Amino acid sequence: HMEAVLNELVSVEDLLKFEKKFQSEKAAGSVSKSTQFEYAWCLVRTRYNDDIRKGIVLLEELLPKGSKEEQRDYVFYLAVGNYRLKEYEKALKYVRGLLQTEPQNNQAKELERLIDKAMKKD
């Protein structure tokens, strides 16, 4: 419970920090891929559905711009975002594709197990 409390307060701090940085950089010119990512990452972990959807959209904008390494990461967080929105089919499509490119990624494998467990129980 305390761990969950720590996690929730940190997520708020994170979101506010990167929202400011993203909006600041946006007004001054092109936003860096790093800042867009950090913000999208916080967004997909938010308690609000509109933030999660915004995070998913930002990650999708980053997809055609990133390196092979970065794109694999974007797909992972796209799976996480969709999972938290209960869009299991979309989440699974991402994860399964990620497992084909990164076989040794057990975090992706654990996410697929979590999605499958969630469909069975809930």
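When you see a residue number, it is the position in the sequence shown, counting from 1.
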Selected stretch [higher average CA B-factor]: 52-60 or 39-47: 39-47
Decide which of the stretches 67-75 and 23-31 has the higher mean C-alpha B-factor, going by the entry. 23-31
Ranked against its chain, the third holding the CA B-factor of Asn106: lowest
Among modelled residues of the same chain, the CA temperature factor third for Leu114: middle
B-factor third for the C-alpha atom of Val12 within its chain: lowest
